[PDB]
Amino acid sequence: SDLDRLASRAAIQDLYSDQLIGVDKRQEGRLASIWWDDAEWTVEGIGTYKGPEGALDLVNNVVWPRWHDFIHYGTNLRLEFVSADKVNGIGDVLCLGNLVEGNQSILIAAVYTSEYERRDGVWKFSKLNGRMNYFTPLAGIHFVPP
């Protein structure tokens, strides 16, 4: 039904934004809430982490210690139904951040490839794959507060 399809798309759009906001604002509750326990988050070059606790392990131990702070701007999220209970997503993400190593500011252009599964009526992430197309140090530029 059109209504179910639209409600599903809204739920999935919220899951995806919750991933970005949870990682950026370092909100462990929001970030943990969006994953099935067997969901897999793979970062090219780092490895595969599983479920809510795997997601928190990745950001607390690998990602967050590498950065003073960053912001991820998600755009162009496009969803396709593989089946009534499985959705593919693709999204384009622009990340700006302050790297600890070398005190460098960095611009990252990434593509996020995602999968969502509905189980007993509820949608959550089943897969996330992040690939960086640009990883660009910004000579002479440092992102600073007012």
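The numbering used is simple: start at 1 and walk along the sequence shown.
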> Which is higher on average in the deposited entry, the C-alpha temperature factors of 89-97 or of 49-57?
Replying inline: 49-57
>> Quick check on the record: does 115-123 or 40-48 carry the larger mean Cα temperature factor?
In response: 40-48
> Hey, what third does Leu6 fall into on Cα B-factor, ranked over its chain?
Replying inline: lowest
>> Could you place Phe135 in the lowest, middle or highest third of its chain by Cα temperature factor, using the values in the record?
In response: highest
> Considering only modelled residues of the same chain, in which third does the CA B-factor of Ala110 rank: lowest, middle or highest?
Replying inline: middle
> Within this chain, which third does the Cα B-factor at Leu79 fall in: lowest, middle or highest?
Replying inline: lowest
